[PDB]
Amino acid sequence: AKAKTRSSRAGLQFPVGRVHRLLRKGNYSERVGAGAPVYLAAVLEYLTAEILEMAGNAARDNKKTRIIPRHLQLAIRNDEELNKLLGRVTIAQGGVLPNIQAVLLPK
């Protein structure tokens, strides 16, 4: 009886089984379907991939090997849809975007 993981069967990195247990015990519904954990894990993995891509690119712009919170803030705020999705979120140690109102510049 050979063991394969659901994350392998869905071609995913995120843990399908853990997401299933977390749905099954979070008092979300009486029952949970077989494909809901796969779908949710895939969506979470995709969003993680997008933010990691843009933050790593920001880290490479700064000649840095490790992503730090500042790179995540730069990736989030400079992307329209990411900034929309996290419009009420605070990134600790992220700072803000460089932005000076034109009327404040010397005349």
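A residue's number is simply how far along the shown sequence it sits, counting from 1.
Asker: Please compare 36-44 with 78-86 and name the stretch with the higher mean C-alpha B-factor in the deposited structure.
Answerer: Of 78-86 and 36-44, the stretch with the higher C-alpha B-factor average is 78-86.
Asker: Identify the stretch, either 49-57 or 25-33, whose C-alpha atoms have the larger mean B-factor according to the entry.
Answerer: The stretch with the larger mean CA B-factor is 25-33.
Asker: If you rank the chain by CA B-factor, which third does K63 end up in: lowest, middle or highest?
Answerer: Its C-alpha B-factor belongs to the highest third of this chain's values.
Asker: Going by the recorded CA B-factors, say which third of the chain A10 sits in, lowest, middle or highest.
Answerer: Tercile = highest for this residue's CA B-factor.
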